[PDB]
Every structure is written in C-alpha cells, then in structure tokens.
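Please read the structure below before turning to the comments.
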Amino acid sequence: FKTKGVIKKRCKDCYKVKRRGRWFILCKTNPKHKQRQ
Amino acid sequence: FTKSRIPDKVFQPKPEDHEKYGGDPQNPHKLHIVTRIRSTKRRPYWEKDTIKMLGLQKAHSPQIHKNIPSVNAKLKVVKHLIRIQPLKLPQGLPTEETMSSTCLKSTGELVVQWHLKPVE
Amino acid sequence: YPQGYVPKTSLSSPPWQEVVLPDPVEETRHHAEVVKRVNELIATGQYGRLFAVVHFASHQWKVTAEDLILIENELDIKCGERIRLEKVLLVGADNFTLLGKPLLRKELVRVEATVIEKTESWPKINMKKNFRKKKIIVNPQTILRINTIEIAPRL
Amino acid sequence: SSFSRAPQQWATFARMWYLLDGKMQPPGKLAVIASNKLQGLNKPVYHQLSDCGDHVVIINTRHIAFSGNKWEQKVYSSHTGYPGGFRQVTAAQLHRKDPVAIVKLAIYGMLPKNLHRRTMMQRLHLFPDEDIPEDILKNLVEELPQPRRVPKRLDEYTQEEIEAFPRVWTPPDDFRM
Amino acid sequence: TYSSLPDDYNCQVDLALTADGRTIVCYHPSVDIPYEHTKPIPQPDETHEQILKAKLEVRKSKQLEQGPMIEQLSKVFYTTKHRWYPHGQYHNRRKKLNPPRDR
Amino acid sequence: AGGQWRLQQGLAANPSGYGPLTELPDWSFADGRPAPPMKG
Amino acid sequence: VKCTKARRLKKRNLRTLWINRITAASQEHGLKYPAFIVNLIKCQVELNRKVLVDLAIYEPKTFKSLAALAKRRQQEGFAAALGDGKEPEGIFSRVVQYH
Amino acid sequence: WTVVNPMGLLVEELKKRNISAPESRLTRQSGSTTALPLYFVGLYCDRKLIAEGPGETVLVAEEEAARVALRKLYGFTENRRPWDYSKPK
Amino acid sequence: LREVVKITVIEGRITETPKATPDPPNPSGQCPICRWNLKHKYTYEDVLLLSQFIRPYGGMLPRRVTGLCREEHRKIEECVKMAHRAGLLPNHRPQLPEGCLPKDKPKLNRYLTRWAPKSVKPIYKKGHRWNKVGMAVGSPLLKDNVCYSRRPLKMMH
Amino acid sequence: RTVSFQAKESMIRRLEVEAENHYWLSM
Ligand SMILES: [Mg+2]
Ligand SMILES: [Zn+2]
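Residue numbers (my numbering), protein chains in the order written: chain A, 1188 to 1224; chain B, 249 to 368; chain C, 20 to 174; chain D, 331 to 507; chain E, 15 to 117; chain F, 891 to 930; chain G, 88 to 186; chain H, 259 to 347; chain I, 2 to 158; chain J, 6 to 32.
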C-alpha cells in the first residue's frame, strides 16, 4: 500500500474498490500493485 | 483613469426597447425629470462638477431639464448617478390660475389640479 | 388517471396548504350585514370607552379621553383653547373598531383636545473635544389633554 | 380588564411552563424554539430588563436526530486549563456519555452572551426519556409543535395506503427475487 | 367562517367593507371559556406566605448560613446564587429613595 | 416596507410624501375656524 | 460625548424593540412579521410600529382583527398571482385612489 | 370603597336578582406546584361565565373573581363610558 | 417470480406476480419514473416508491429488470442508502448468518446521510468565518429536485 | 470568496435603471 495522488491500474488482474472513504487498486496475483489514494 | 467616450450605438434604441419603455421614437418628450440616486463621493472630479451644474446636489429631489443635445451631453456624463424620467402633462401645461395647485407624481405626471380627495 | 398526474410524494405538493376563499357574491351580502350590526351598536350607544389612533405633527398617537400628549414644538394656540384633531386612522371600542384607508371620514369620528401647557424642554447637551465645546438645546413644547372621542352612525 | 393593580401585574408577567418532545428532532431546531421561549421573546411585553422568560421542558432528548454525518463530523472541544488538558470528542461520543448534553449545548449557544443567559438555563429542564417528575407535570401548561415533520417508516404505512400508491413497474415472472 | 383566523381562542373576528369601500368594519366579540373546559377547585384542604414557609423549611443547623440558605433559595426560584448576595454601601446609598411612578 | 407596492399604485414610496395624510391640516379650532397653515 | 451620541441610538433601539414585540404578537396568530407589516400596507392602513405595539399589548382583540385582515389580504394575493389572466380583484385588495 | 369577603356580598346581590349561586372553577392554571403559581378562576352561574379573576393562590383568585364581578354588576368596569365633563350642566 | 425449492432434488417453481397499475398518467415515457411524471419529485422519504426497486434484504435491483434510465438509477440507488441509514426500511434488513446477531449498540437517529457513517472522519479543525469546513447534508445527485424555498437548499451545513 | 445574493441582485437593479437612462437619452 503506497499512498499516491493518482491511482492507476498496472495489470489485467488489478481491480478497484472504494473502502473506508478512499480508492484502492487491489491485485491478488501481484500484491506490489496495491495503491491507496 | 480618464474620461471615457461611449460608443454612439449605446444611445440608438431598438424596436423592442420602444415597446418596453412605451416611448414613441417620434413626438419625443420635451422635459426630463432627473434625480440623483448615488453619491458623488469617490467619483472623479468631472462627475462632481456636472452634478452641481445640473442642480442635483441634493439626492432624491427632482430637477427639470431641457431634452436638448447640450443638456443631454452633460447627462450622459453622470448617467450612472441619476434617474431620468420623462415629464408627462396629462392635463396640459400649468396656467397662471393652476400654478399654485400643481403636484408632481412619482409616475412622472405633473397634475394641475390637486384636491387630496377620494377619486369617487 | 388524468394527464399530468403525479402520485403523492414528499415533493409532489407545495408545503403550504392552499385555501379556498369565500365566493365574492355571498361575502358582499355578509359585509353589508356586519356593517349594519356595528352601525346599530353605534346608534344605540352600546359601547363604553373609545380609543382612537390619531396622526398629529409627524407622529401617531393611541389616544383616549382624559389622556395627556406632549408635542415637541410650539402650536400657536393659546392655553385653555379647545381643538379638534382631524386625522383619525383607527377608532376602537370593546367590541368593534373602524379602520380608515388611510383616514376615516370626518362624520364618523370627532376627537377634541385642549391645550393645557406651553413650556420648553429641559437643557439637552449636544457635544460633537474640550468641556466648553458644548451646545445646550431647549426646544418649545406643548401639552394637550384629550377630552372626548365621539362617533356617529354614518356607516 | 377590571382586575386590581396587583393581580393584573401578576397575570401579565407570570412565567409559563412549556413542553417540547425531541423525538427524531434536530437539536438545533429545538434550540431555536427553546431559546425563544427562554428569553421571553414570544411575549409582546418583552423587554431586556424585565426578566420575563419562561420555563421550557424538553423530553426524549436521547432520541434526537442529526442530518448528514454530523454525528461523526461535529466535535465538541473543552479545556480543563492544565497542560495536556485539551479534549475533542465527537457528537456520537458525547451523546453516549451524556444523553442530555447535545441539546443543552445547542440551546446555550443561542442565548445572548450576557450574565442573564445563566439564569435562563436554570429555567430549562431536559430529560433523556419521557419520564418526568410528578411535580414538573403539574406545572406544564401547553405543549409545542415539533419543528421537523417525522417521516413514516414502511411498517407505519397502512395497507390501504400501499394499495393507493401505484405500481410504477412490474417485475418479470422470470426473476428470482 | 369568512375570517381567516380560528375564532375559538380570543375573539370572533368579523371583517366588512363599507359600501363605498373606504372603511373596514371589525366586529370582535369575546369568547367565554366553556364550562366543559374548566376544572373544579380542590375545596378540601392558603396564603402565598404559607406556601413559601413550607418550601423554605429550616431543617439544618437551625437558621442556615449564607451559602446553604442562598443555595436553597436559588433552587426554589430557579435562579443562580449570585442574585441573593448583598451589596456594599456605595451602591446602597446611590439608590433613589422615591423613584418616579407612572400610575 | 411597502415602498415598491406604493409606487405601482401611483402613490409616493414613503407614506410621508404627497398624500392626504401629510398635506391635510392636522387640526382646526373647536369653533370650526380653520387653523393657520402649517409651515411645512 | 456619550450623551449626545446615545440620543440618536435611542431612536433605533426603540424601533428594534417595537419590531421584536410585533413579531411576538403576530406569531401568536400564526403570521411572520414581514407578512403582517407588508399586507397591512397593501390594505392602505398606515399605522406605525410604535402604535402597533400599543395595540398588541393593550388592545388584544383589535390586534387579532388586524392579523386576520393581513392574513386575508395575503390570501388574496396568492390567488391573484396564482391564477394567471384576468380574474376579479380580491374584495380586500381594492385600492382607494386619491386626487 | 372597602369591602371584606366580597363573595358574600356577591351572593347577596345575585340572590336579589333571583340568580343562582355562582360556582367557582379553575379556568387556566400555570406552575401550580412552584413558588410562583398563576391561577385563573371563573365564577360560573348556570354553566355561564359571569366573571374571571387572576391570582397567586386559588383562594386569592376567588376573591378577585368576585371583585371582577361586582364591578360589572355596578357598572364600574374599567372600560365604562368616561365621565362627561362636556355637559354644560 | 421463480423460486428454487430443494428436497437431493431441486426445482424452480414460477409464481404469478402482481402487474403494474394500468393506464400510466403519461404514456410514451421511456423509463418508469418518467411515465408517471416523477422525474424531480421523489426524495429519500418516499419509501413506497423506493421499496418497489429493493430486494427483500435491502439490496437494489439490477437496472435491466427495473428499466430505469442511468440518471434515475443513480438517484434511486442513492436515496435507498439514505433511506436505509435513516431507519426507514426496518423490514429489509441484511440476512445475517444464524451465527451472528446485530451489533447490539443503541442506534443514533439520522436523516439525509450522504456517506456511510463508519468511514467519516471528525472535523477537528473547523476553521474561521470565511474558512469554515462544511458538513455535507443530502446528496448532490438530487440538486435538480423541485425546490419550494426562496433560495436553493443548503447542502453544506 | 463568493459574492452574496444581496450584492448581485442590487447591482442588476441599478443596471436596469441605467439601461432605461440610455433609452430616454436617445430621443
Ligand atoms: Mg434606523
Ligand atoms: Zn496487479
């Protein structure tokens, strides 16, 4: 989880969610792909 | 900051304008009713002078002026500080007998018989 | 369901409740009936003390018989002279009132007063500094006693 | 009329007991009503020097309602006066600790910021639930309309009312539902 | 039922215009309280003095001290304690002996 | 209040302008003798 | 200096007091202060705020009639504006002209 | 004019007028259990209100209701027509 | 409406469902809301309308089945959240597993709740007069509703 | 910093009065 200003998907498996007031890209295959706004 | 010259187009009315304000482009009215409704403080000195020349030192007190170009030229200088209304004479100009019985209405009408009685 | 029909919802109708005013024809008859009832009360004198709202100088006074009124100016009337106040905006009794638009007729209401005293105010201080840059203002005054309020059945 | 000088004066300047119900009512619309009564501003004989205020009794203050997310966003801050003595507690947390606090603070802010405000608060009586002392009941003179219209829940809607409202659309039979 | 205000509390409002239309006539007779809207007096058992004494019972330490006496007085009349404490002699001597009186 | 409405009815915006209320004499003697005209 | 300046603030403070007392009296009958004052004017009643307060405190029955009168004129205004076109003017909305 | 027990006097007056004895009842009430209570008591004759009085105690409100009734009987109300000095007599 | 029943043998039985009230006031309306002239006249308080698009456990029905346009779907969906958070749908509660129970806390009364209460941070620094941090009330999706007030509704409190 | 509703309405009124001044000065 890196807190970045812009959230961008990095692979096909990456998906987006809106949890606890923020946007997350969560990837099960590659956990490196996780970003928080 | 300097005096400005307004383009002539501003004072050329449109057909709908005649409809809205109810003034005929022919048979133009003769006399203006001018009242100052804003202050000359914080205004440039030339505006201050024209107000004194036109007699509008007191606000909300109407003054009668000629609808002639020379008078109009000064009025255009202080267009923003005054309200111009066309004087109307429903019962005609006052005569010697009716000089003491006149009253100027808010509508712009100078009535020559002022009775202070119900219309009935 | 007719054209332009909306099922009842929070925003369907205005919050205010529309009212149905009485039909003009019947109300005019009722107005005449009410006026007659009050007029007979005046004619038979079925009322007690009266109070009137009278415009004097530049002020309005709620006035009644035996009342005292102070005017902040000279009036040109000698002391002890009876006067009639001629601008009445409202006259009231225990059970009825009459309202002018904006003034009542001369016949309906007659209010009479007397000039009791002509005096001057106490010294009022005007100071716009120093202790001597001061102006004292005394202005003429008159006191009026209110003697009678009378009405007649001319409604 | 026809009253003696003493009873007439007593009747005019008597103080009245009122009842508000705070069930599902926003605290700040209750404060507007309560603050007006407390100052005596509902009386034509009102004067700032006349001590003409009235008693206001509010019940069900536990069941007030906040619009939006004010329960979590509105914060009450206090200081004991000692280093490290600053506390900021949200509206929800303050409500749990003290059921009556939020309404009392809302009314307090509305009153004039003068010495008389503290006297007015003595006239205010807040009970978290409908329970009232026996004596307080006897004093009450008049109830007051609630400021907010309480929307009805689905269960409250009558069977006839549901029928009256039209079925805008119909589910297809080929649906699990 | 032409009047727009309910007639059930203060008086019956009747408004009429005169024929000419220059006067508004108001007939406002009073409404008396109906008998069904009253309560009986509790005849079985009283001056405001007697009520006060029972309220302000002297129980603790016989004649109470300032703090106790004032605190109880404040609760009875729904005030703060400050109202009840006295003032010095600069203030006491300033007060008018004969203030005016309008009726 | 009411200034704009008064203007539409042809009256003065301020009730103290031209009208019966101000211009009409405020009093007359009990005998009926007219009073001296007001300075205003 | 204070005495001179308070002379002019006195007149504005009493008008604030009168308005507060009028709002108190009108709300008893269900009218907000702006509606009461405006619609009384539209009936050509020129009672001022100082006199209105005296009516509210000492003449409750007469003040109640004024509230009904102001409410009736307000009710007429809604119908007149709500119904577009030529509809007969309300009974109490008739204006007495002067000349 | 000084009078003690105005109720007793009121009873005598109504008896002379062949009117039934008044019944006292509590019309309006505020803060009864407090030290500043307001009571309105109305005297009802034949279920018809003749007078109403304000008071701090029910007993006090009663004595005033009687006073507020004798005045109306003797025409000493506060809104009675003012005395006439206009008379030239 | 077809329901699956199990016995193993499992079968789905179709049952008749009530049909729409005939004669819509405004025929030719594409979406259901517009057919009845309800475009800008429903709010979260209108449970009778909203409940028609809600699953028995409080979920929203799919857009395809209801037929609502995207603009009204978003509006209907948002009001339901606000209706749920305001405690106006007591019979459409979630299907908690048999091994679970409600949180058991007392419930604070709410209305016009834009966001889920769980994830809103407190405003510790509120700000001064022309710096105030505003507390959102209502949903922006409903700005276009008919307004009966002198000026537009105060969204930020 | 936004501009109040009082401020924007009152100016438009003054503009309308000045707009009429333009017309009456053209004849
Ligand atoms: Mg002022
Ligand atoms: Zn990835």
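Using N, Cα and C, we set each Cβ at its ideal position, and we do this for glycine too.
Review point. Does the distance from the CB of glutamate 139 (chain C) to the CB of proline 159 (chain C) come in under 8 Å?
Key: Their beta carbons are under 8 Å apart, which means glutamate 139 (chain C) touches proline 159 (chain C) by this criterion.
Point to revise | Sub-8 Å separation of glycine 35 (chain E) and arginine 159 (chain G) beta-carbons | key: no
Check your understanding: With 16 other CB atoms within 10 Å as the buried threshold, where does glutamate 402 (chain D) fall?
Key -> buried
Check your understanding: Got a sec, what are the start and stop residues for the alpha helix (DSSP H) residue 312 (chain D) sits in?
Key -> In the structure as shown, chain D begins at 331 and stops at 507. Residue 312 (chain D) is therefore absent and cannot be evaluated.
Check your understanding: So which residues on chain D does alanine 112 (chain G) lean against when the C-beta distance must stay under 7 Å?
Key -> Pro374
Practice item. Can you have a look at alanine 168 (chain G) and say buried or exposed, based on whether 16 or more other CB atoms are within 10 angstroms of its CB? Key: exposed
Exercise for review: Please determine, among I:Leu89, I:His158 and I:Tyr149, the residue with the shortest C-alpha to C-alpha distance to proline 481 (chain D).
Suggested key: When each option's Cα is compared against that of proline 481 (chain D), the closest is I:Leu89.
**Study point:** Contact set for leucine 104 (chain C): own chain, Cβ-Cβ below 7 Å, skip 5 residues either direction
**Key:** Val73, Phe75, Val130 and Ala132
**Study point:** Listed by chain order, chain C residues near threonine 315 (chain H) by CB distance under 8 Å
**Key:** From the beta-carbon of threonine 315 (chain H), no residue of chain C is found nearer than 8 Å; the closest lies around 30 Å away.
Check your understanding: Can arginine 56 (chain C) be considered in contact with ligand 1, in the sense that its beta carbon sits closer than 7 Å to one or more heavy atoms?
Key -> Flag unset: Cβ of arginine 56 (chain C) not near ligand 1.
Exercise for review: Answer yes or no: does any C-beta atom of chain E fall closer than 8 Å to that of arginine 447 (chain D)?
Suggested key: Taking Cβ atoms only, chain E never reaches closer than 8 Å to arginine 447 (chain D), which makes this a no.
Exercise for review: Consult DSSP for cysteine 351 (chain B) and reduce its assignment to one of helix, strand or coil.
Suggested key: strand
Check your understanding: Going by beta carbon distance, what residues of the same chain come within less than 6 Å of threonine 67 (chain I), once the five residues before and after it are set aside?
Key -> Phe54
Practice item. Using a Cβ cut-off of 8 Å (strictly closer), state whether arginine 36 (chain E) contacts chain G. Key: yes
Review point. Any idea what DSSP makes of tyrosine 16 (chain E), helix, strand or coil?
Key: coil
Check your understanding: Can we count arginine 102 (chain G) as close to ligand 1, meaning its CB is less than 7 Å from some heavy atom?
Key -> yes
Point to revise | Backbone CA spacing between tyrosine 92 (chain E) and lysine 98 (chain G) [nearest angstrom] | key: 35 Å
**Study point:** Reference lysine 434 (chain D); option with closest CA among D:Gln418, D:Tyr412 and D:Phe457
**Key:** D:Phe457
Check your understanding: Which residue's Cα is closest to the Cα of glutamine 80 (chain E): E:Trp98, E:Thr61 and E:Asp28?
Key -> Comparing alpha-carbon positions, the option among E:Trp98, E:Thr61 and E:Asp28 lying closest to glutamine 80 (chain E) turns out to be E:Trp98.
**Study point:** Candidates I:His93, I:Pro91, I:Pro57 and I:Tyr45: closest to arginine 75 (chain I) by CA position
**Key:** Closest by alpha carbon: I:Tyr45.
Review point. Using a Cβ-Cβ distance under 8 Å, would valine 27 (chain E) count as near chain G?
Key: yes
**Study point:** Opening and closing residue of the beta strand (DSSP E) in which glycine 300 (chain H) lies
**Key:** If you look at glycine 300 (chain H), you'll find it in the beta strand (DSSP E) that goes 296-303.
**Study point:** Contact set for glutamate 460 (chain D): own chain, Cβ-Cβ below 7 Å, skip 5 residues either direction
**Key:** The residues are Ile389 and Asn390.
Check your understanding: Between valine 299 (chain H) and chain D, is there a C-beta pair that is closer than 8 Å?
Key -> no
**Study point:** Cβ-heavy atom distance, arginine 1197 (chain A) to ligand 2, below 7 Å
**Key:** For ligand 2, at least one heavy atom lies less than 7 Å from the Cβ of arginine 1197 (chain A).
Point to revise | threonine 110 (chain G) - partner residues in DSSP beta bridges | key: According to DSSP, which records beta bridges pairwise, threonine 110 (chain G) is partnered with nothing at all.
Practice item. Can you grab the Cα-Cα spacing for the pair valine 325 (chain B) / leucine 104 (chain G), in whole Å? Key: 45 Å
Practice item. Examine chain D for any beta-carbon lying closer than 8 Å to the beta-carbon of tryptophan 131 (chain I), and answer yes or no. Key: No, because no Cβ of chain D sits closer than 8 Å to the Cβ of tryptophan 131 (chain I).
Point to revise | First and last residue of the uninterrupted beta strand (DSSP E) at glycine 311 (chain H) | key: Boundaries of the beta strand (DSSP E) harbouring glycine 311 (chain H): 306-313, taken from the DSSP string.
Check your understanding: Are three or more beta carbon pairs between the segment 96-115 of chain I and the segment 483-499 of chain D nearer than 8 Å?
Key -> no
Check your understanding: Is the beta carbon of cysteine 32 (chain I) within less than 7 Å of some heavy atom of ligand 2?
Key -> no
Point to revise | Reduced DSSP secondary structure (H/G/I, E/B, other) of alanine 891 (chain F) | key: Residue state, collapsed to three classes: coil.
Practice item. Please go through the same chain and pick out, in chain order, the residues whose beta-carbon is closer than 8 Å to the beta-carbon of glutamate 295 (chain B), but skip the five residues on each side of it. Key: The answer, listed in chain order, is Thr288, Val325, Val326 and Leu329.
**Study point:** Minimum Cβ-Cβ distance from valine 183 (chain G) to chain B less than 8 Å
**Key:** yes
Check your understanding: To which residues does DSSP link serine 397 (chain D) through a beta bridge?
Key -> I:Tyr112
Review point. So, is the C-beta of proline 496 (chain D) closer than 8 Å to a C-beta in chain C?
Key: Judged by the 8 Å Cβ criterion, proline 496 (chain D) is in contact with chain C.
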